[PDB]
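J.: Just the structure for this:
(one chain, ligands or ions: 3)
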Amino acid sequence: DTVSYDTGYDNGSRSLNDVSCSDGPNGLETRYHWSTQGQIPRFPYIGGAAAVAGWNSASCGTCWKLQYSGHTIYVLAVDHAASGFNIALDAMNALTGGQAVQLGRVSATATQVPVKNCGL
Ligand SMILES: [Br-]
Ligand SMILES: [Br-]
Ligand SMILES: [Zn+2]
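T.: Residues are numbered from 1 along each chain as shown. Ligands and ions are numbered 1, 2, ... in the order given. This is the structure:
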């Protein structure tokens, strides 16, 4: 799966209204009473995933194991992506040995896992 970064996910003050997984029954505001990205337990290990089709997706708040070049991170899906994953720059640096800006995008193995792995 293709993984890139988006510094929007590094902004702790960003309202969850600005990502797909806001309100509605499946939204993270509704389920966890978070109102910003910075309130998510393991922020900034968050991002968008194709599994999240948009608002009220049942895939909101799913946890994903991403593997690349010997590294493993776990990220919470909080937003839509057209394909693959877009994650915080900090998270992509962890995944790529600090080479995120240089690489831009990488091919990673992705696996859905229990949310305890994302600190929930
Ligand atoms: Br490394
Ligand atoms: Br290492
Ligand atoms: Zn390494």
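J.: What residues does the chain have near ligand 3?
T.: For the chain, the residues in contact with ligand 3 (C-beta under 5 Å from the ion) are 70, 97. For the C-beta atoms, the positions are set from N, CA and C on the backbone; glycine is no exception.
J.: hmm, who's touching the biggest helix by length in the chain?
T.: Longest helix of the chain, by residue count under DSSP state H: helix 89-96. The contact list for helix 89-96 (C-beta atoms under 8 Å, 6 or more residues apart in numbering) reads 3-7, 9-10, 44-47, 66, 68-69, 71, 73, 75, 87, 99-101, 103, 106, 108.
J.: try it again with 6 Å
T.: The contact list for helix 89-96 (C-beta atoms under 6 Å, 6 or more residues apart in numbering) reads 5, 7, 10, 44, 45, 66, 68, 71, 73, 75, 100, 103.
J.: List the buried residues of it.
T.: By neighbour count on 16 or more other C-beta atoms under 10 Å, the buried set for helix 89-96 is 89, 90, 91, 92, 93, 94, 95, 96.
J.: Please identify which of these is nearest to ligand 3.
T.: residue 96 (8.8 Å; C-beta to the ion).
J.: Which residue ranges of the protein form strands?
T.: 2-5, 46-49, 63-68, 71-80, 85-87, 105-107, 109-113 (DSSP state E).
J.: how about the ones you listed in TSV, adding mean neighbour count?
T.: Shown next, in TSV, are the strands of the chain (neighbours: other C-beta atoms under 10 Å):
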stretch	mean neighbour count
strand 2-5	22
strand 46-49	26
strand 63-68	20
strand 71-80	22
strand 85-87	27
strand 105-107	14
strand 109-113	14
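J.: Tabulate those strands (JSON lines), appending distance to residue 34.
T.: Below are those laid out as JSON lines (distance: least, C-beta to C-beta, whole Å):
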{"stretch": "strand 2-5", "distance to residue 34": "22"}
{"stretch": "strand 46-49", "distance to residue 34": "11"}
{"stretch": "strand 63-68", "distance to residue 34": "15"}
{"stretch": "strand 71-80", "distance to residue 34": "9"}
{"stretch": "strand 85-87", "distance to residue 34": "18"}
{"stretch": "strand 105-107", "distance to residue 34": "28"}
{"stretch": "strand 109-113", "distance to residue 34": "20"}
